[PDB]
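In structure tokens, the next block holds one chain alone, the form deposited in one PDB entry.
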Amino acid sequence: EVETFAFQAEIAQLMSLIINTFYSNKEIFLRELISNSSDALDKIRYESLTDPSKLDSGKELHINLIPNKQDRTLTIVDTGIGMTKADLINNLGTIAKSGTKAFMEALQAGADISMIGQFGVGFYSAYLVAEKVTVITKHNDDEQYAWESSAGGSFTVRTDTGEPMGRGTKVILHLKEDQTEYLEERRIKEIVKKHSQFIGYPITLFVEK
């Protein structure tokens, strides 16, 4: 059972802008996703202070970066609070609507794409480098879901039958054919050092075989 949904018009417009605009400083996508993971980690950590049983699905709070040249994917894994089915279909898009409006206004007034995270919609910068994004997520209060979109106005959600994650989010970037530099260890190290050096959680960059 795979459900297909339309993005709101404003969100679709934003992802077309990201895909079609000429903008060479694509590497900021990593900083935005790592920032999202850190936010999700902060949330489950704060919740656990008043309800320790929220860490029963995994006490480790961390971020893993996993390149795979064979599949041509870069995966950003966190053990943060995760997302419910309602988040995937409703809540994230509701919030993103006003952040997109503000970002798009700032752009025509002289801002640039690197400022996207100041507007709360840094996730869609993934389409600077990815032709398709698959998101696996598990929240304590819901089932494990796979979200997916190749842009083009629509996204899918299904119950995920793969390996159980426990709790957290896995963002799988299926990289565009000319963006495989973001599979290289030295390139990923450089970007993390430059843009994410003070994240308050361990970032482990896996190496490939």
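The term rigid core refers to the most C-alpha atoms you can superpose between the two forms while keeping them within 1.5 Å. When you see a residue number, it is the position in the sequence shown, counting from 1.
Practice prompt. Compare the mean C-alpha B-factor of 45-53 with that of 24-32 as given in the PDB entry, and name the stretch with the higher value.
Written response: In the deposited entry, the stretch with the higher C-alpha B-factor mean is 45-53.
Discussion item. Quick check: 110-118 versus 123-131, which has the larger average CA B-factor in the record?
Written reply: Result of the comparison: 110-118.
Worksheet entry | Options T161, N64, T156, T169 - largest CA temperature factor per the record | Top of the list by C-alpha B-factor: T161.
Discussion item. By the CA temperature factor listed in this entry, which of these ranks top: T137, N90, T79, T75?
Written reply: That would be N90, according to the entry.
Discussion item. Based on the deposited C-alpha B factors for this chain, I'd like to know if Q70 is in the lowest, middle or highest third.
Written reply: CA B-factor rank for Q70: highest third.
Worksheet entry | Third of the chain, ranked by Cα B-factor, where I203 sits | Within its chain, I203 is a middle-third residue by C-alpha B-factor, going by the deposited values.
Worksheet item: What third of its chain's C-alpha B-factors does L175 belong to: lowest, middle or highest?
Response: Lowest third.
Fill in: Chain-wide C-alpha B factor ranking for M83, given as lowest, middle or highest third
Lowest third.
Practice prompt. Could you say whether, by C-alpha temperature factor, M15 belongs to the lowest, middle or highest third of its chain?
Written response: According to the entry, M15 has a C-alpha B-factor in the chain's middle third.
Here the subject shifts to the form deposited in another entry, a form of this protein not shown in this document.
Worksheet entry | After fitting the core, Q118 CA displacement of 2 Å or more between this form and the one not shown | After core superposition, the C-alpha of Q118 moves less than 2 Å between this form and the one not shown.
Fill in: Core-superposed comparison between this form and the one not shown, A96 Cα displacement 2 Å or beyond
Shift at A96: 2 Å or more after core fit.
Worksheet item: Once the two forms are fit on the core, has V77 moved its CA by at least 2 Å between this form and the one not shown?
Response: The answer is no, as the C-alpha of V77 shifts between this form and the one not shown by less than 2 Å after core alignment.
Worksheet item: Are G117 and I95 closer or farther apart at the Cα level in the other entry than shown, by 3 Å or more?
Response: Distance between the C-alphas of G117 and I95: longer in the other entry, by 3 Å or more.
Practice prompt. Regarding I76 and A96, go with closer or farther for their CA spacing in the other entry versus this form, the difference being 3 Å or more.
Written response: Farther: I76 and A96 separate by 3 Å or more in the other entry.
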